[PDB]
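> Partial complex here, more coming in a sec:
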Amino acid sequence: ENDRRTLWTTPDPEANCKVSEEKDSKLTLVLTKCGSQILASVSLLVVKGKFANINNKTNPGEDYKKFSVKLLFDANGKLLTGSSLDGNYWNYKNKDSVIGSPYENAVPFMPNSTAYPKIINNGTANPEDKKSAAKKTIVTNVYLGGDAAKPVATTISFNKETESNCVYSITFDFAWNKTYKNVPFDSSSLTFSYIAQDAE
Amino acid sequence: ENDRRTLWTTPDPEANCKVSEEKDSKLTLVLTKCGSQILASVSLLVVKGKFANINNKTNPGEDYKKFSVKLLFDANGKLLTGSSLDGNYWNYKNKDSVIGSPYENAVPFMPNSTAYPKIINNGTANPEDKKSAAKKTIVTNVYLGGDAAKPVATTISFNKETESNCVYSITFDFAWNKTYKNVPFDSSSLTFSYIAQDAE
């Protein structure tokens, strides 16, 4: 009904995500359709590993101050193995859980091919043929422990990845310059939208 | 018709809200059902009292430099007395207005208990199933006068309040570090979403 309009991890998932090692994080992502767009809410709590309690005082160095989460999808919109997120509880909504069986098609939840092409190349491109790099991209912040003093630079990129010969993709890139001393990666929630691929 | 999907005060309200004194502010809040999520828009013009002409030069203190707006719901999603907003014109959409008679049940507009649960704040071990307080929070900025130079740090908290045996809450926290000389607290409009509760 309204539930085929939503695809999510669950509102309160079990560990379902690899940031650093297997199942070290809980990603709550809900994708909903309002017509031609997807309306999305995301959140990330990391419960163990390299980012469960950041200390950039005792661990400075690029690799302790950034990471990314990738949703990779095949032609029908099925999650592919190379993904950060586990498929077990990624499915269509049902009264606060997921449908019994794993889904066959979710093309209408995928970021548009046309608005978000895989590669743009404006080296030798005439101006009227030029495409937008930036357009595939939402740049905002989230906040550790929902504290304004603790921003984390968030980039959401559509159809950026090539991993696993995927045809669609949602990437969440996270980075910070503050040197956070003993702060869990526990994010505020973030609203975002993108243009949906057309079914059939 | 499609106004059953909207619960919204009014597009243009009479002073309907308490920041510092009774009916001292005009809160515009619309909540629309986009399936499993609520898409909200919010503005706050304070019309009289302590925040109606901010002067941190003359009043340098903490209590002049922040305030908070609490909406308190019961089990049926009806608005409780403790709330900053008054329920006279808080109701479903009829054309450009509300339905005459106050609503029985708005539970499906409330923030999801599962996504955003009650957390009794005690020293808690084992982060691998501690429920996240950050998740319940959207952190962003509104701009006073719609001017980029005049930011206000804005925290939107779901299911945070303990007051009046509320089951559900939506709390707007406005704070600013900058020292403003005669600026009316007059916010830019802010878009946000959250995961909705389900019903019968």
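In hand now; what should we look at? Numbering: from 1, shown residues only, chains lettered A, B, ... in the order given.

> Could you list the buried residues of stretch A:139-155?
Judged by neighbour count using 16 or more other Cβ atoms under 10 Å in any protein chain shown, the buried positions of stretch A:139-155 are A:141-148, A:150-152, A:154-155. C-betas here are computed from N, CA, C, even on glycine.

> The residues you listed into a markdown table, with extra columns for distance to residue A:44 and secondary structure?
Shown next, in a markdown table, are the buried residues of stretch A:139-155 (distance: Cβ to Cβ, whole Å; DSSP: H, G, I helix; E, B strand; the rest coil):
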| residue | distance to residue A:44 | secondary structure |
| --- | --- | --- |
| A:141 | 13 | strand |
| A:142 | 8 | strand |
| A:143 | 12 | strand |
| A:144 | 10 | strand |
| A:145 | 13 | coil |
| A:146 | 13 | coil |
| A:147 | 16 | coil |
| A:148 | 18 | coil |
| A:150 | 14 | coil |
| A:151 | 14 | strand |
| A:152 | 9 | strand |
| A:154 | 10 | strand |
| A:155 | 14 | strand |
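
> Considering the residues you listed, which is situated nearest to residue B:167?
For the buried residues of stretch A:139-155, the minimum distance to residue B:167 (Cβ to Cβ) is 21.0 Å, reached by residue A:146.

> ok, now how distant is that closest one from chain B?
Separation of residue A:146 from chain B (Cβ to the nearest Cβ, to the nearest Å) stands at 3 Å.

> Please tell me how far that residue sits from residue A:190.
As judged by Cβ to Cβ, to the nearest Å, residue A:146 and residue A:190 stand 11 Å apart.

> What ranges does chain A have for its strands?
A:6-8, A:25-34, A:37-46, A:54-55, A:66-73, A:91-94, A:97-98, A:137-143, A:151-158, A:168-175, A:181-183, A:190-195 (DSSP state E).

> Can I get those in JSON lines including distance to chain B?
Listed next are those as JSON lines, based on distance: least, Cβ to the nearest Cβ, whole Å:
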{"stretch": "strand A:6-8", "distance to chain B": "4"}
{"stretch": "strand A:25-34", "distance to chain B": "4"}
{"stretch": "strand A:37-46", "distance to chain B": "4"}
{"stretch": "strand A:54-55", "distance to chain B": "13"}
{"stretch": "strand A:66-73", "distance to chain B": "15"}
{"stretch": "strand A:91-94", "distance to chain B": "5"}
{"stretch": "strand A:97-98", "distance to chain B": "10"}
{"stretch": "strand A:137-143", "distance to chain B": "4"}
{"stretch": "strand A:151-158", "distance to chain B": "8"}
{"stretch": "strand A:168-175", "distance to chain B": "13"}
{"stretch": "strand A:181-183", "distance to chain B": "11"}
{"stretch": "strand A:190-195", "distance to chain B": "4"}
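
> Now do the shared contacts for residue A:146 and residue A:190.
residue B:138 (Cβ atoms under 8 Å, 6 or more residues apart in numbering or on different chains).

> okay, now residue A:32: neighbour count?
26 (other Cβ atoms under 10 Å in any protein chain shown).

> List the contacts of residue A:53.
Neighbours of residue A:53 in contact, by Cβ under 8 Å, 6+ apart: A:182-184, B:127.

> again, 7 Å this time
Taking Cβ atoms under 7 Å, 6 or more residues apart in numbering or on different chains, we find residue A:53 in contact with A:182, A:184.

> And residue A:175, by the same measure?
Residue A:175 neighbours (Cβ under 7 Å, 6+ apart): A:65-66, A:153.

> swap in residue A:43?
Under the criterion of Cβ under 7 Å, 6+ apart, the neighbours of residue A:43 are A:28, A:187, A:189, B:135.

> outside of stretch A:193-200, which residues touch it?
A:33, A:36-40, A:107-113, A:115, A:158.

> what about 8 Å?
Contacts of stretch A:193-200 (Cβ under 8 Å, 6+ apart): A:33, A:36-40, A:77, A:107-113, A:115-116, A:138, A:158, A:168.

> That one: end-to-end distance?
Start to finish, the residues bounding stretch A:193-200 are 22 Å apart (Cα to Cα, to the nearest Å).

> Chain C comes next; put it on the structure above:
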Amino acid sequence: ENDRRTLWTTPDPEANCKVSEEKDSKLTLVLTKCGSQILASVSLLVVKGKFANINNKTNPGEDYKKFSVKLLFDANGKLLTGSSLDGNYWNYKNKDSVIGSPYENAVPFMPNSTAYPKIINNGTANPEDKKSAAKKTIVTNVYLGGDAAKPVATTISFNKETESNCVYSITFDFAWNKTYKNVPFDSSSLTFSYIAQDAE
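Chain C, in position alongside the others:
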């Protein structure tokens, strides 16, 4: 069916917008009806002229550091002549393309008159007598190249313009202080919502 819910510039549009010269930019604007709000997504690529390759080091004046795009509408919600945007492939969705006929009436997709009204005389007397300019405004940054290091102050504004006896107006205002050196104007995507005009 559901396509009559989307008023859009194509997802992958031809040069369609005047920032500086006729047809110097590709504006992507998607409007979808979600109940009583419009859920919008907006992005701007400039391909020629004065902002096709910003260099505030060679061009340091204000006129090279800011520009605005005006959508102007009439009482049917159809585009007018003064509009930045060429109203020739600006139509209701049909599949991944656009409908045969030009779009007739689209009043349901306009910013709400009551919510965002035209400015008059303001006074401290409060029988009802306050107007918030800010309420009419969403203020945020977008990011050139989708780079965190390259913010641009963005203001969206509803029913503000007076040009060509317009009833309804959407205006995107861009402004930066940073001195960009050989940066195409190519904005990261922006999600936003506003209250719709009530259809009849």
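
> Could you re-examine the contacts of residue A:175 with chain C now present?
Applying Cβ under 8 Å, 6+ apart, the residues near residue A:175 are A:65-66, A:152-153, C:148.

> Can you give me the neighbour number for the residue of chain A found nearest chain C?
Residue of chain A nearest chain C, by Cβ to the nearest Cβ: residue A:137 (3.2 Å). Residue A:137 has 25 neighbouring residues, counting by other Cβ under 10 Å.

> so what's the closest residue to it other than its chain neighbours up against?
Counting by Cβ to Cβ, 6 or more residues apart in numbering or on different chains, the nearest residue to residue A:137 once its immediate chain neighbours are dropped is residue C:146, at 3.2 Å. Under the criterion of Cβ under 8 Å, 6+ apart, the contact list for residue C:146 reads A:133-134, A:136-137, A:139, A:155, A:157, C:188.

> any idea how far residue A:139 is from residue A:175?
11 Å.

> And for residue A:200?
Residue A:200 is 39 Å from residue A:175, by Cβ to Cβ.

> again, but for residue A:183
Taking Cβ to Cβ, one finds residue A:183 at 14 Å from residue A:175.

> got the contacts of residue C:146 as TSV, with distance to residue C:122 columns?
Output for the contacts of residue C:146, formatted as TSV (distance: Cβ to Cβ, whole Å):
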residue	distance to residue C:122
A:133	44
A:134	38
A:136	43
A:137	40
A:139	36
A:155	41
A:157	44
C:188	35
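
> with those in mind, which one is nearest to residue C:6?
Among the contacts of residue C:146, and counting by Cβ to Cβ, the member closest to residue C:6 is residue A:136, at 19.9 Å.

> Tell me, how many residues neighbour the closest one?
27.

> Now for residue A:177: which residues touch it?
Contacts here follow Cβ under 8 Å, 6+ apart; on that basis residue A:177 touches A:65, A:153.

> Most remote residue from the middle of chain A, which is it?
residue A:126 (32.9 Å; Cα atoms, centre = their mean).

> Could you check how far it is from residue C:47?
Taking Cβ to Cβ, one finds residue A:126 at 9 Å from residue C:47.

> follow-up on the earlier one: between the contacts of residue A:175, which sits nearest residue B:23?
residue A:152 (39.1 Å).

> thought that closest one was touching residue A:188?
No. Residue A:152 lies out of contact with residue A:188 (Cβ atoms under 8 Å); the separation is 9.0 Å.

> Return every residue with contacts to both of residue A:139 and residue A:175.
Common neighbours of residue A:139 and residue A:175 (Cβ under 8 Å, 6+ apart) are A:153, C:148.

> So what pairs up with residue A:154 in the strands?
residue A:140, residue A:174 (DSSP bridges).

> now it: how far from residue A:167?
24 Å.

> do residue A:4 as well
22 Å.

> So which bits of chain A are right by chain C?
A:34-37, A:39, A:112, A:114-115, A:117, A:122, A:127-128, A:130-139, A:153, A:155, A:157, A:175, A:191-195, A:198 (Cβ under 8 Å from any Cβ of the partner chain).

> Would you mind checking those residues for buried ones?
A:34-37, A:39, A:112, A:115, A:117, A:122, A:127, A:130-139, A:153, A:155, A:157, A:191-195, A:198.

> that older thread, need the residues touching each of residue A:152 and residue A:188.
With Cβ under 8 Å, 6+ apart as the test, residue A:152 and residue A:188 both reach A:142-143.

> got the end-to-end distance for stretch A:3-20?
Length of stretch A:3-20, first residue to last, Cα to Cα: 32 Å.

> List the buried residues of it.
A:3, A:5-13, A:15-19.

> got it, and stretch A:99-114?
So for stretch A:99-114, counting by 16+ other Cβ under 10 Å, buried means A:103, A:106-113.

> ditto for stretch A:53-69
Neighbour count says stretch A:53-69 has A:53-54, A:56, A:64-65, A:67, A:69 buried, by 16+ other Cβ under 10 Å.

> From chain B, how far off is residue A:186?
4 Å.

> What sits closest to that residue if chain neighbours are left out?
residue B:134 is the one closest to residue A:186 (Cβ to Cβ, 6+ apart), at 4.3 Å.

> pretty sure that neighbour is touching residue A:150, no?
No. Residue B:134 is beyond contact range of residue A:150, at 9.4 Å (criterion: Cβ under 8 Å).
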